[PDB]
Protein chains: 2
Amino acid sequence: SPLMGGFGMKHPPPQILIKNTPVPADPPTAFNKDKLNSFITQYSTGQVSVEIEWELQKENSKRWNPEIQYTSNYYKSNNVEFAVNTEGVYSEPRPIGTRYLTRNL
Amino acid sequence: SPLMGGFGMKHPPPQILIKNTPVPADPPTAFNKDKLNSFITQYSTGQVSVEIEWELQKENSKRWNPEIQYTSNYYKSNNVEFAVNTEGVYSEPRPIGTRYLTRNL
């Protein structure tokens, strides 16, 4: 189990390496055997979509004391948590764990 | 809609009136036309079970700010909320509303 947390897989999802092909600018009229180091500058754009279906294990604890949950505090503040600032920068205030429910040993 | 809250029904669930029948103690040997006011003291016991199936309307709001929820405060205290005291008396500390989720007008 990777010590930073997560899932340990012998065959994780593969890398997706993307490269935009070189297109040489204008090679000489006379032959030359070198690597043709003069390429025209360019880049790319698009979209990338990652649909990754999870499987859940619902909880059925017979606990009577109300569970402890994760909530966002109701109190007036300059910015909503997990919402963009006046300039447009998306700010995440705190790390969110995944251990909130309680299950007896 | 009953002003104390709840559901207004033209035909609510009926009353269930329970009475343990009189059993006269020992009427006289001679006839007497009165109401026979001497009954033997008694009571009853049992169990009562009320299964009342509700119907829910699940929520599908596309809100991004985390919803506001009802939780029990994580802080050391002499008694667990909604749990019995040292003597055995079940104590409910606060009234619990039913309006916590948020739905836009």
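Residues numbered from 1 in each chain as written, not as in the entry; some residues may be left out. Chains lettered and ligands numbered in written order. Part of a larger assembly, values for the part shown. Heavy atoms only, no water.

- Deposited coordinates in this entry are attributed by the record to cryo-EM, at a stated resolution of 3.76 Å.

Topic: the overall build of chain A
Then step 1. Per the secondary structure count, chain A includes zero helices and zero strands.
Then step 2. Taken against the 2.2 N^0.38 rule, which gives 13 Å for 105 residues, the C-alpha radius of gyration of chain A at 26 Å runs more than 25% over that of a compact globule.
Then step 3. Referenced to the eigenvectors of the C-alpha coordinate spread, the extents of chain A come out at roughly 85 × 45 × 25 Å.
Then step 4. Out of the 105 residues in chain A, the part that is buried amounts to 3%.
Then step 5. Of the contacts formed within chain A by residues at least 6 apart in sequence, a portion of 33% connects residues at least 24 apart.
Then step 6. With the model as given, the accessible surface of chain A reaches about 11,500 Å², and the carbon-plus-sulfur share is 55%.
Then step 7. With 11 positive and 10 negative side-chain charges, chain A shows a separation of 8 Å between the mean positions of the two kinds. (Helix = DSSP H or I, 4+ residues; strand = E, 2+ residues; numbered from the N terminus. Rg over C-alpha atoms; globule rule 2.2 N^0.38 Å. Buried < 20%, exposed > 50% of the residue type's maximum accessible area, 1.4 Å probe, protein only. Contact = heavy atoms within 4.5 Å. Areas by Shrake-Rupley, 256 points an atom, 1.4 Å probe, with all protein chains shown as cover. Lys, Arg positive; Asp, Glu negative; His and termini not counted. Charge placed at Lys NZ, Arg CZ, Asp CG, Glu CD.)

So, the interface of chain A and chain B
Then step 1. Listed by partner, the interface residues are 13 residues for chain A and 13 residues for chain B.
Then step 2. With both sides pooled, the region where chain A packs onto chain B buries about 1,100 Å², and carbon together with sulfur makes up 57% of that total.
Then step 3. Counting every contact that joins chain A to chain B gives zero salt bridges.
Then step 4. Summed over the shared surface of chain A and chain B, the number is two residue pairs in polar contact.
Then step 5. Residues of the side of chain A that touches chain B, tallied by class, amount to seven nonpolar, four polar and two charged. (Buried area = accessible area lost by both parts, 1.4 Å probe. Salt bridge = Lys/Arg side-chain N within 4 Å of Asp/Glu carboxyl O. Polar contact = N/O pair within 3.5 Å; in protein donor to acceptor, adjacent residues only side chain to side chain. Nonpolar A, V, L, I, M, F, W, Y, C, P; charged D, E, K, R; others polar.)

Quick word on the side chain of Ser72 of chain A
Then step 1. Accessibility expressed as a relative area gives 10% for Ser72 of chain A, which makes it buried.
Then step 2. Reaching out from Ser72 of chain A, the side chain makes a polar contact with the backbone oxygen of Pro66 of chain B at a distance of 3.1 Å.
Then step 3. Not counting the four nearest positions on each side in its chain, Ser72 of chain A is found in contact with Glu81 of chain A together with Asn65, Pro66 and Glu67 of chain B.

Points about the packing of aromatic side chains
Residue and element names in this part refer to chain A.
Then step 1. Within the structure shown, the criterion is met by two aromatic pairs over all chains.
Then step 2. With 5.8 Å between their ring centres and 15° between their planes, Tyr70 and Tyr100 make a pair best called stacked.
Then step 3. Since its relative accessible area comes to 22%, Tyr70 is described here as partly exposed. (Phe/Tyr/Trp six-rings, centres within 6.5 Å; stacked < 30°, edge-to-face > 60°.)

Here we look at the relation of the copies chain A and chain B
Then step 1. The transformation that overlays chain A on chain B combines an axial shift of 0.0 Å with a rotation of 180°, and the residual RMSD is 0.0 Å. The transformation just described matches what one would write down for a two-fold rotation axis. Closest to the rotation axis within chain A is the C-alpha of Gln69 of chain A, separated from it by 3.9 Å.
Then step 2. Residue by residue, 100% of the interface of chain A is reproduced at the interface of chain B, so both copies engage with the same surface. (Least-squares fit on C-alpha atoms.)

Quick look at the pattern of salt bridges
Residue and element names in this part refer to chain A.
Then step 1. Under the criterion given, the structure shown has two salt bridges over all chains.
Then step 2. The salt bridge involving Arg94 is made with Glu81; its shortest N-O contact spans 2.3 Å.
Then step 3. Taking relative accessible area as the criterion, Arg94 reaches 29% and is therefore assigned partly exposed.

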